[PDB]
file target-v3.txt (compact mmCIF, C-alpha atoms and all ligand atoms)
# COMPACT_ATOMS: atom_id res chain seq x y z
CA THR A 4 1.74 -21.37 25.02
CA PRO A 5 1.05 -18.51 22.35
CA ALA A 6 -1.85 -16.20 23.23
CA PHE A 7 -3.00 -15.73 19.62
CA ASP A 8 -1.60 -18.20 17.06
CA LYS A 9 -2.81 -16.45 13.99
CA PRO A 10 -1.16 -14.19 11.56
CA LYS A 11 -0.38 -10.78 12.99
CA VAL A 12 0.59 -7.31 11.88
CA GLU A 13 2.77 -4.85 13.70
CA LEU A 14 3.10 -1.16 13.11
CA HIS A 15 5.18 0.05 16.16
CA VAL A 16 8.60 -1.49 16.72
CA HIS A 17 12.07 -0.04 16.61
CA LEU A 18 14.99 -1.65 14.76
CA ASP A 19 17.54 -0.24 17.28
CA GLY A 20 15.64 -1.77 20.11
CA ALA A 21 15.21 -5.19 18.24
CA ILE A 22 18.72 -6.50 17.99
CA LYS A 23 19.67 -9.89 19.38
CA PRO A 24 22.08 -9.80 22.16
CA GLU A 25 24.20 -12.28 20.16
CA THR A 26 24.56 -9.84 17.34
CA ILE A 27 25.35 -6.78 19.43
CA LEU A 28 27.93 -8.74 21.37
CA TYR A 29 29.21 -10.00 18.13
CA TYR A 30 30.16 -6.61 16.68
CA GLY A 31 31.57 -5.69 20.06
CA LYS A 32 34.25 -8.35 19.46
CA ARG A 33 34.53 -7.92 15.76
CA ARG A 34 35.63 -4.31 16.31
CA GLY A 35 36.83 -3.47 19.84
CA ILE A 36 33.88 -1.71 21.50
CA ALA A 37 33.89 -2.81 25.06
CA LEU A 38 30.36 -3.91 26.24
CA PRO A 39 29.27 -4.76 29.87
CA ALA A 40 29.48 -8.58 29.48
CA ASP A 41 30.55 -11.35 27.23
CA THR A 42 27.90 -13.97 26.88
CA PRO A 43 24.50 -13.24 25.34
CA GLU A 44 22.37 -14.23 28.33
CA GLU A 45 23.91 -11.63 30.63
CA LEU A 46 23.66 -8.88 27.98
CA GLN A 47 19.99 -9.56 27.77
CA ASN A 48 20.04 -9.14 31.50
CA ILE A 49 22.06 -5.89 31.73
CA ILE A 50 20.69 -4.36 28.55
CA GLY A 51 17.12 -5.29 29.59
CA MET A 52 14.46 -4.45 32.12
CA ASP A 53 11.74 -5.45 34.58
CA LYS A 54 10.70 -2.42 36.56
CA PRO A 55 9.83 1.03 35.46
CA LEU A 56 13.05 2.70 34.93
CA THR A 57 13.93 6.25 35.16
CA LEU A 58 14.33 8.05 31.77
CA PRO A 59 18.04 8.62 32.24
CA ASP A 60 18.46 4.85 33.10
CA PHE A 61 16.50 3.94 29.95
CA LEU A 62 18.40 6.15 27.54
CA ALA A 63 21.68 4.94 28.94
CA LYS A 64 20.83 1.48 27.84
CA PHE A 65 21.04 2.87 24.29
CA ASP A 66 24.47 4.12 25.25
CA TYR A 67 25.60 0.59 25.92
CA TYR A 68 24.78 -1.29 22.83
CA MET A 69 24.41 1.18 20.10
CA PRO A 70 28.10 1.87 19.31
CA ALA A 71 28.72 -1.80 18.66
CA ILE A 72 26.32 -1.60 15.75
CA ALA A 73 26.34 2.01 14.71
CA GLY A 74 29.07 3.05 12.26
CA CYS A 75 29.49 -0.53 11.18
CA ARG A 76 28.06 -0.81 7.73
CA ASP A 77 27.35 -4.64 7.83
CA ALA A 78 25.96 -4.70 11.35
CA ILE A 79 23.41 -2.29 10.01
CA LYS A 80 22.15 -4.48 7.12
CA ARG A 81 22.50 -7.29 9.44
CA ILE A 82 20.35 -6.11 12.24
CA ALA A 83 17.88 -5.38 9.58
CA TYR A 84 18.05 -9.02 8.26
CA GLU A 85 17.85 -10.49 11.62
CA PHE A 86 14.83 -8.27 12.37
CA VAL A 87 12.76 -9.83 9.64
CA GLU A 88 13.38 -13.34 10.77
CA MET A 89 12.55 -12.33 14.38
CA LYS A 90 9.13 -11.34 13.05
CA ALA A 91 8.42 -14.52 11.02
CA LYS A 92 9.04 -16.26 14.25
CA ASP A 93 6.41 -14.04 15.80
CA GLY A 94 3.71 -14.98 13.28
CA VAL A 95 3.69 -11.47 11.61
CA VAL A 96 2.72 -11.31 7.97
CA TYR A 97 3.25 -7.48 7.89
CA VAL A 98 5.45 -5.18 9.96
CA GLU A 99 6.49 -1.68 9.63
CA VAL A 100 9.68 -1.19 11.33
CA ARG A 101 11.23 2.17 12.51
CA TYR A 102 14.48 3.74 13.29
CA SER A 103 16.55 6.80 13.04
CA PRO A 104 18.93 7.04 10.20
CA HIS A 105 21.07 9.49 12.03
CA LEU A 106 21.70 7.31 15.06
CA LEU A 107 23.37 4.46 13.10
CA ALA A 108 25.50 7.01 11.33
CA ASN A 109 28.90 8.29 12.06
CA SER A 110 29.61 10.64 9.15
CA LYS A 111 27.87 13.87 8.07
CA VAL A 112 25.81 13.98 11.20
CA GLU A 113 26.08 16.82 13.70
CA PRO A 114 26.36 15.89 16.30
CA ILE A 115 28.03 12.42 15.99
CA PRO A 116 25.84 9.91 17.67
CA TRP A 117 26.64 7.79 20.72
CA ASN A 118 30.14 9.24 21.40
CA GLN A 119 31.52 7.66 18.20
CA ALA A 120 34.36 9.05 16.23
CA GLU A 121 33.82 10.46 12.70
CA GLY A 122 33.50 8.47 9.59
CA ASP A 123 32.40 7.01 6.37
CA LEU A 124 28.78 6.05 6.94
CA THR A 125 26.29 8.77 6.33
CA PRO A 126 22.66 9.05 7.27
CA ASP A 127 21.76 8.39 3.62
CA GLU A 128 23.89 5.27 3.46
CA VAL A 129 22.29 4.08 6.57
CA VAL A 130 18.91 3.95 4.95
CA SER A 131 20.25 2.11 1.95
CA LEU A 132 21.64 -0.76 3.97
CA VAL A 133 18.56 -0.97 6.03
CA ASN A 134 16.58 -1.35 2.84
CA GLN A 135 18.76 -4.13 1.69
CA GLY A 136 18.66 -6.09 4.99
CA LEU A 137 14.88 -5.77 5.26
CA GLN A 138 14.24 -6.60 1.74
CA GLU A 139 16.43 -9.60 1.44
CA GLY A 140 14.66 -10.39 4.79
CA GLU A 141 11.31 -10.25 3.04
CA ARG A 142 12.34 -12.61 0.31
CA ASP A 143 13.49 -15.45 2.65
CA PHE A 144 11.25 -15.30 5.63
CA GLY A 145 8.05 -14.38 4.10
CA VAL A 146 7.34 -11.14 5.84
CA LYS A 147 5.92 -8.04 4.26
CA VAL A 148 8.20 -5.22 5.36
CA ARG A 149 7.96 -1.61 5.29
CA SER A 150 10.24 0.76 7.06
CA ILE A 151 9.68 4.23 8.73
CA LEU A 152 12.21 6.87 9.46
CA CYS A 153 12.25 8.57 12.78
CA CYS A 154 12.72 12.29 13.41
CA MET A 155 14.18 12.92 16.80
CA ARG A 156 12.66 15.17 19.28
CA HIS A 157 15.81 16.68 20.50
CA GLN A 158 17.26 17.27 17.13
CA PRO A 159 14.83 19.21 14.87
CA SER A 160 17.69 20.04 12.68
CA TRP A 161 17.81 16.41 11.45
CA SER A 162 14.19 16.42 10.54
CA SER A 163 14.62 17.65 7.13
CA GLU A 164 17.04 14.95 6.22
CA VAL A 165 14.38 12.49 7.52
CA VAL A 166 11.49 13.67 5.21
CA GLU A 167 13.82 13.82 2.37
CA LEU A 168 15.33 10.45 3.01
CA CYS A 169 11.61 9.50 3.11
CA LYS A 170 11.04 10.86 -0.36
CA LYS A 171 14.26 9.51 -1.65
CA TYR A 172 13.55 5.95 -0.65
CA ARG A 173 9.79 5.66 -1.09
CA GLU A 174 8.21 2.07 -0.99
CA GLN A 175 11.91 0.95 -1.39
CA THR A 176 11.11 0.37 1.50
CA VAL A 177 10.14 3.67 3.25
CA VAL A 178 6.50 4.54 3.79
CA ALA A 179 6.18 7.02 6.66
CA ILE A 180 7.91 9.61 8.84
CA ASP A 181 7.88 9.49 12.64
CA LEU A 182 8.64 11.63 15.59
CA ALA A 183 10.23 9.95 18.35
CA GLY A 184 12.38 10.29 21.46
CA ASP A 185 11.82 12.24 24.69
CA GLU A 186 8.28 13.49 24.21
CA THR A 187 8.63 15.51 27.37
CA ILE A 188 11.06 18.15 25.97
CA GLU A 189 9.30 21.39 26.35
CA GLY A 190 7.70 22.44 23.06
CA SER A 191 9.46 19.87 20.85
CA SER A 192 6.34 19.29 18.87
CA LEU A 193 6.21 22.80 17.58
CA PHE A 194 9.91 23.19 17.06
CA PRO A 195 10.04 24.44 13.48
CA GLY A 196 12.45 21.88 12.13
CA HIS A 197 9.85 19.32 13.02
CA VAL A 198 6.66 21.33 11.99
CA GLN A 199 8.13 21.70 8.66
CA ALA A 200 9.38 18.21 8.17
CA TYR A 201 5.86 17.26 8.80
CA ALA A 202 4.50 19.87 6.42
CA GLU A 203 6.87 18.59 3.81
CA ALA A 204 5.49 15.16 4.31
CA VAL A 205 1.98 16.31 3.75
CA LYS A 206 3.19 17.99 0.70
CA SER A 207 4.92 15.13 -0.75
CA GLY A 208 2.47 12.50 0.44
CA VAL A 209 4.53 10.75 2.95
CA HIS A 210 2.53 9.12 5.60
CA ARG A 211 2.92 10.11 9.10
CA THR A 212 2.92 8.80 12.65
CA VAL A 213 3.91 10.35 15.99
CA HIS A 214 4.76 9.28 19.46
CA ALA A 215 2.56 11.25 21.67
CA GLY A 216 0.78 10.66 24.72
CA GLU A 217 2.93 7.95 25.97
CA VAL A 218 4.64 9.56 28.74
CA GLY A 219 3.42 13.12 27.85
CA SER A 220 0.28 15.07 28.11
CA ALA A 221 -2.89 15.33 26.08
CA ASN A 222 -1.61 18.53 24.62
CA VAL A 223 1.27 16.55 23.09
CA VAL A 224 -1.33 14.51 21.23
CA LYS A 225 -3.32 17.51 19.95
CA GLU A 226 -0.16 19.14 18.75
CA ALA A 227 0.54 15.97 16.86
CA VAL A 228 -2.83 15.81 15.27
CA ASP A 229 -3.53 19.56 14.68
CA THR A 230 -0.09 20.69 14.00
CA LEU A 231 2.06 17.89 12.69
CA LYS A 232 -1.04 16.38 11.13
CA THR A 233 -0.50 12.69 12.10
CA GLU A 234 -2.32 9.82 10.65
CA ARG A 235 -1.57 7.57 13.48
CA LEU A 236 -0.39 7.90 17.11
CA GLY A 237 2.55 6.32 18.78
CA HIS A 238 0.92 5.15 21.97
CA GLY A 239 -1.52 8.04 22.62
CA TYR A 240 -2.42 6.77 25.99
CA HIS A 241 -2.78 10.16 27.60
CA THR A 242 -5.39 11.02 25.00
CA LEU A 243 -7.95 10.01 27.51
CA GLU A 244 -7.16 12.89 29.66
CA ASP A 245 -9.04 15.11 27.24
CA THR A 246 -12.39 13.93 26.58
CA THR A 247 -13.07 15.98 23.54
CA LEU A 248 -9.74 15.11 22.08
CA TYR A 249 -10.54 11.46 22.60
CA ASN A 250 -14.06 11.73 21.45
CA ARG A 251 -13.03 13.39 18.27
CA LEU A 252 -10.35 10.93 17.57
CA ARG A 253 -12.81 8.14 18.09
CA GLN A 254 -14.99 9.95 15.50
CA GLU A 255 -12.00 10.27 13.25
CA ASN A 256 -11.21 6.57 13.47
CA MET A 257 -7.67 7.28 14.44
CA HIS A 258 -5.11 4.51 14.82
CA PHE A 259 -3.44 4.09 18.17
CA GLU A 260 -0.17 2.17 18.27
CA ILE A 261 -0.50 0.43 21.52
CA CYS A 262 2.45 -1.09 23.31
CA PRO A 263 1.17 -2.83 26.53
CA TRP A 264 4.30 -4.46 27.79
CA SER A 265 6.30 -1.47 26.71
CA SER A 266 4.21 0.88 28.91
CA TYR A 267 4.35 -0.70 32.29
CA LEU A 268 7.99 -1.05 31.75
CA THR A 269 8.32 2.58 31.20
CA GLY A 270 6.18 4.03 33.84
CA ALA A 271 3.88 5.08 31.02
CA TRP A 272 1.27 3.08 32.65
CA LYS A 273 0.50 3.10 36.36
CA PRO A 274 0.20 -0.57 37.44
CA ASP A 275 -2.72 0.29 39.74
CA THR A 276 -5.05 1.56 37.07
CA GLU A 277 -7.22 0.46 34.30
CA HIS A 278 -4.76 -0.02 31.39
CA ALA A 279 -5.63 2.37 28.67
CA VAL A 280 -5.93 -0.52 26.17
CA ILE A 281 -8.74 -1.86 28.10
CA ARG A 282 -10.48 1.36 27.52
CA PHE A 283 -9.60 1.37 23.94
CA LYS A 284 -11.00 -2.13 23.69
CA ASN A 285 -14.19 -1.28 25.47
CA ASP A 286 -14.69 1.80 23.39
CA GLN A 287 -13.97 0.08 20.08
CA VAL A 288 -11.04 2.15 19.26
CA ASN A 289 -8.77 1.64 16.23
CA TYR A 290 -5.66 0.25 17.92
CA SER A 291 -2.91 -2.27 17.28
CA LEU A 292 -0.65 -4.34 19.49
CA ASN A 293 3.00 -3.89 19.36
CA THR A 294 6.25 -4.60 21.13
CA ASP A 295 8.03 -1.36 20.50
CA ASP A 296 11.51 -2.36 21.55
CA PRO A 297 11.83 -6.13 22.15
CA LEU A 298 15.58 -5.92 23.11
CA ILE A 299 15.26 -3.48 26.10
CA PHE A 300 12.05 -5.00 27.12
CA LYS A 301 13.40 -8.56 26.78
CA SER A 302 10.18 -9.41 25.08
CA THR A 303 8.42 -10.84 22.10
CA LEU A 304 5.26 -10.06 20.26
CA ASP A 305 3.50 -12.91 21.99
CA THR A 306 4.31 -11.31 25.38
CA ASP A 307 2.13 -8.32 24.60
CA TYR A 308 -0.85 -10.57 23.67
CA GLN A 309 -0.25 -12.67 26.80
CA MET A 310 -0.42 -9.57 28.98
CA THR A 311 -3.74 -8.78 27.54
CA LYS A 312 -5.02 -12.32 27.05
CA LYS A 313 -4.59 -13.01 30.65
CA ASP A 314 -4.24 -9.80 32.50
CA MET A 315 -6.90 -7.76 30.72
CA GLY A 316 -9.55 -10.13 29.42
CA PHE A 317 -8.85 -10.02 25.68
CA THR A 318 -10.63 -12.53 23.48
CA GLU A 319 -9.68 -14.15 20.15
CA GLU A 320 -12.41 -11.92 18.57
CA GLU A 321 -10.52 -8.87 19.78
CA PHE A 322 -7.17 -9.93 18.82
CA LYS A 323 -8.51 -10.43 15.40
CA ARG A 324 -10.33 -7.11 15.33
CA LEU A 325 -7.16 -5.30 16.08
CA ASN A 326 -5.01 -6.88 13.46
CA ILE A 327 -7.72 -6.01 11.15
CA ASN A 328 -7.61 -2.40 12.23
CA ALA A 329 -3.92 -2.50 12.05
CA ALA A 330 -3.95 -3.65 8.54
CA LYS A 331 -6.55 -1.02 7.58
CA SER A 332 -4.38 1.57 9.25
CA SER A 333 -1.23 0.67 7.53
CA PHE A 334 0.85 2.98 5.42
CA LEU A 335 0.81 0.52 2.55
CA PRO A 336 -0.55 1.61 -0.85
CA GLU A 337 -4.20 0.90 -1.27
CA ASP A 338 -3.89 -2.02 -3.65
CA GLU A 339 -1.52 -3.75 -1.22
CA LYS A 340 -3.48 -2.72 1.69
CA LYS A 341 -6.42 -4.71 0.59
CA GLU A 342 -4.29 -7.67 -0.25
CA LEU A 343 -3.05 -7.72 3.32
CA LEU A 344 -6.60 -7.48 4.41
CA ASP A 345 -7.71 -10.47 2.43
CA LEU A 346 -4.91 -12.56 3.69
CA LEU A 347 -6.03 -11.62 7.18
CA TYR A 348 -9.61 -12.54 6.41
CA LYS A 349 -8.89 -15.84 4.94
CA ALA A 350 -6.64 -16.66 7.83
CA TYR A 351 -9.13 -15.46 10.35
CA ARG A 352 -11.96 -17.70 9.54
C1 LIG B 1 11.76 6.21 30.56
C2 LIG B 1 10.62 5.66 29.73
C3 LIG B 1 10.06 6.66 28.71
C4 LIG B 1 9.96 6.07 27.32
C5 LIG B 1 9.53 7.07 26.27
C6 LIG B 1 10.68 7.78 25.53
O1 LIG B 1 11.07 8.91 25.79
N1 LIG B 1 11.14 7.07 24.52
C7 LIG B 1 12.27 7.36 23.95
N2 LIG B 1 12.62 6.74 22.83
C8 LIG B 1 14.00 7.05 22.41
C9 LIG B 1 14.53 6.55 21.15
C10 LIG B 1 13.80 6.79 19.98
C11 LIG B 1 14.24 6.37 18.75
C12 LIG B 1 15.49 5.76 18.65
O2 LIG B 1 15.99 5.56 17.39
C13 LIG B 1 16.21 5.45 19.81
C14 LIG B 1 15.72 5.85 21.07
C15 LIG B 1 14.63 7.84 23.30
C16 LIG B 1 16.01 8.29 23.19
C17 LIG B 1 17.06 7.51 23.67
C18 LIG B 1 18.39 7.96 23.57
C19 LIG B 1 18.65 9.22 22.98
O3 LIG B 1 19.92 9.72 22.71
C20 LIG B 1 17.57 9.99 22.55
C21 LIG B 1 16.28 9.52 22.63
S1 LIG B 1 13.61 8.29 24.66
ZN ZN B 2 8.36 3.64 20.02
call {"tool": "encode", "arguments": {"input": "target-v3.txt", "output": "structure tokens", "more": "lines below"}}
Ligand SMILES: CCCCCC(=O)Nc1nc(-c2ccc(O)cc2)c(-c2ccc(O)cc2)s1
Ligand SMILES: [Zn+2]
result
Amino acid sequence: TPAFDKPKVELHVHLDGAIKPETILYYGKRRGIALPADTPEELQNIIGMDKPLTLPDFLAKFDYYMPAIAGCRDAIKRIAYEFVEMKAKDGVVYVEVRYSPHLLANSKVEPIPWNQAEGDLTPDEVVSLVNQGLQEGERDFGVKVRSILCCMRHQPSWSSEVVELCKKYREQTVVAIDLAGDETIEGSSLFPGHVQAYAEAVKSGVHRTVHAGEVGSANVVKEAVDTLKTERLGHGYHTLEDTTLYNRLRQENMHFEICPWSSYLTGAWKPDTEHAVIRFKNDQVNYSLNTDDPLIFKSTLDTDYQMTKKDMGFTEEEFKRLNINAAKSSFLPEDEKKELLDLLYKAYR
């Protein structure tokens, strides 16, 4: 039953919310971290969702699984390897994947993530292993992979390690910075650790994306654009609350990272209304379709397309239009960006 059986691209998906239950539950055994269940199927039920949660309830899910994988050096490279296959099974020819170095680390990170004890595995080593997993992954499954390192809203003191990690591992495989986390923290956009991590990126031409607009206000989005200088938005749904902001960003041909299934499940979208993507579709916006976290949302790429295929009208034409846009909007070098594009064109006709 796949809603769109063509090659796809995906620009908004998190490593740490795309681990197989099997693998989480594997490192749980392999190292003594007691999880809330012992066969994969009920993990995917506990560590998964089907109503709007609360925000507390959502973050706590991260408190379950993460410490099985974080701190373990091979679970790292492994979730990365497993990630890439997960995508070839979706039909994706190009993915940028994101995650926070920090939150798979247990050494040289204040504060130590997830309640872990100290350690041996630094933020910087984290990225290295992710590169390996992902780029072996590329070689066997046939996906083009870049990564993207996430700044965290509630930790602007990490942010500098993030842009500089970005610079340290550039195309190999890192292409962009992000800002992610609770976008509802008061003033987190303009916290100086972040404003400067983003000005560093401009400076040293690392590409940029931001979650804004998802669960937070139009002003979150403008801060993103005007102050952190994003090239793309993470979700951006609330953009439509500010008509000039929207209008301008339609003039600017900005890229919105839509996540349709993601958004219902978060409250981000109110099940009564006109889904924002339907607007973006009717106004010809530059958006892309994305799962965001397929673990928590017990989902796959096809699920997102299915939601819109059958709940919101979307045609094959449209589906194709948006992978196009997605490719165009990628943080790939320009030579490779047009190579993606021609793949997509030959496959699309
Ligand atoms: C309730 C629905 C709202 C959804 C929107 C939201 O706030 N998203 C978030 N993403 C992460 C996140 C980001 C990157 C990452 O690598 C892992 C998680 C959060 C996090 C979760 C736990 C935490 O300690 C801090 C932020 S909170
Ligand atoms: Zn996200």
call {"tool": "residues_around", "arguments": {"input": "target-v3.txt", "residues": "stretch 69-82 of chain A", "least_positions_apart": "6", "cutoff": "8 Å", "atoms": "all atoms listed in the file", "output": "MDAnalysis selection string"}}
result
chainID A and resid 18:19 21:22 26:28 30:31 34 36 106:109 117:119 122:124 129 132:137
call {"tool": "closest_residue", "arguments": {"input": "target-v3.txt", "among": "A:45, A:141, A:337, A:295", "to": "ligand ZN 2 (chain B)", "atoms": "all atoms listed in the file"}}
result
A:295
call {"tool": "closest_residue", "arguments": {"input": "target-v3.txt", "among": "A:197, A:278, A:331, A:33", "to": "residue A:345", "atoms": "all atoms listed in the file"}}
result
A:331
call {"tool": "residues_around", "arguments": {"input": "target-v3.txt", "residues": "stretch 249-256 of chain A", "least_positions_apart": "5", "cutoff": "7 Å", "atoms": "all atoms listed in the file", "output": "list in words"}}
result
residues 242, 243, 288 and 289 of chain A
call {"tool": "residues_near_ligand", "arguments": {"input": "target-v3.txt", "ligand": "ligand ZN 2 (chain B)", "cutoff": "7 Å", "atoms": "all atoms listed in the file", "output": "ChimeraX atom specification"}}
result
/A:15-17,183,214,237,295-296
call {"tool": "residues_near_ligand", "arguments": {"input": "target-v3.txt", "ligand": "ligand LIG 1 (chain B)", "cutoff": "8 Å", "atoms": "only C-alpha atoms and all ligand atoms", "output": "PyMOL selection string"}}
result
chain A and resi 17-20+55-63+65-66+101-104+106+116-117+153+155-157+183-187+217-218+266+268-271
call {"tool": "closest_residue", "arguments": {"input": "target-v3.txt", "among": "A:316, A:43, A:126, A:219", "to": "residue A:239", "atoms": "only C-alpha atoms"}}
result
A:219
call {"tool": "atom_distance", "arguments": {"input": "target-v3.txt", "atom1": "atom CA of residue A:125", "atom2": "atom CA of residue A:176"}}
result
18.0 Å
call {"tool": "axis_aligned_box", "arguments": {"input": "target-v3.txt", "around": "stretch 155-159 of chain A", "padding_each_side": "4 Å", "output": "lines of an AutoDock Vina configuration file"}}
result
center_x = 15.0
center_y = 16.1
center_z = 17.7
size_x = 12.6
size_y = 14.3
size_z = 13.6
call {"tool": "atom_distance", "arguments": {"input": "target-v3.txt", "atom1": "atom CA of residue A:29", "atom2": "atom CA of residue A:47"}}
result
13.3 Å
call {"tool": "build_atoms", "arguments": {"input": "target-v3.txt", "residues": "stretch 153-164 of chain A", "atoms": "N, CA and C atoms", "output": "PDB file, keeping the file's coordinate frame"}}
result
ATOM      1  N   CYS A 153      12.533   7.780  11.607  1.00  0.00           N
ATOM      2  CA  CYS A 153      12.250   8.570  12.780  1.00  0.00           C
ATOM      3  C   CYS A 153      12.999   9.923  12.757  1.00  0.00           C
ATOM      4  N   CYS A 154      12.223  11.015  12.809  1.00  0.00           N
ATOM      5  CA  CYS A 154      12.720  12.290  13.410  1.00  0.00           C
ATOM      6  C   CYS A 154      12.984  12.214  14.875  1.00  0.00           C
ATOM      7  N   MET A 155      13.984  12.991  15.302  1.00  0.00           N
ATOM      8  CA  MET A 155      14.180  12.920  16.800  1.00  0.00           C
ATOM      9  C   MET A 155      13.853  14.177  17.535  1.00  0.00           C
ATOM     10  N   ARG A 156      13.093  13.975  18.547  1.00  0.00           N
ATOM     11  CA  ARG A 156      12.660  15.170  19.280  1.00  0.00           C
ATOM     12  C   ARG A 156      13.676  16.239  19.621  1.00  0.00           C
ATOM     13  N   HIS A 157      14.817  15.759  20.040  1.00  0.00           N
ATOM     14  CA  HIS A 157      15.810  16.680  20.500  1.00  0.00           C
ATOM     15  C   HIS A 157      16.753  17.197  19.495  1.00  0.00           C
ATOM     16  N   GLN A 158      16.443  16.870  18.276  1.00  0.00           N
ATOM     17  CA  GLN A 158      17.260  17.270  17.130  1.00  0.00           C
ATOM     18  C   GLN A 158      16.509  17.773  15.948  1.00  0.00           C
ATOM     19  N   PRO A 159      15.662  18.828  16.058  1.00  0.00           N
ATOM     20  CA  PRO A 159      14.830  19.210  14.870  1.00  0.00           C
ATOM     21  C   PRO A 159      15.556  19.617  13.623  1.00  0.00           C
ATOM     22  N   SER A 160      16.821  19.920  13.854  1.00  0.00           N
ATOM     23  CA  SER A 160      17.690  20.040  12.680  1.00  0.00           C
ATOM     24  C   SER A 160      18.035  18.808  11.809  1.00  0.00           C
ATOM     25  N   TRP A 161      17.793  17.582  12.345  1.00  0.00           N
ATOM     26  CA  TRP A 161      17.810  16.410  11.450  1.00  0.00           C
ATOM     27  C   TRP A 161      16.601  16.216  10.577  1.00  0.00           C
ATOM     28  N   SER A 162      15.513  16.813  11.027  1.00  0.00           N
ATOM     29  CA  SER A 162      14.190  16.420  10.540  1.00  0.00           C
ATOM     30  C   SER A 162      13.944  16.505   9.112  1.00  0.00           C
ATOM     31  N   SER A 163      14.483  17.574   8.581  1.00  0.00           N
ATOM     32  CA  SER A 163      14.620  17.650   7.130  1.00  0.00           C
ATOM     33  C   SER A 163      15.402  16.613   6.348  1.00  0.00           C
ATOM     34  N   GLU A 164      16.447  16.063   6.932  1.00  0.00           N
ATOM     35  CA  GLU A 164      17.040  14.950   6.220  1.00  0.00           C
ATOM     36  C   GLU A 164      16.104  13.727   6.194  1.00  0.00           C
TER      37      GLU A 164
END
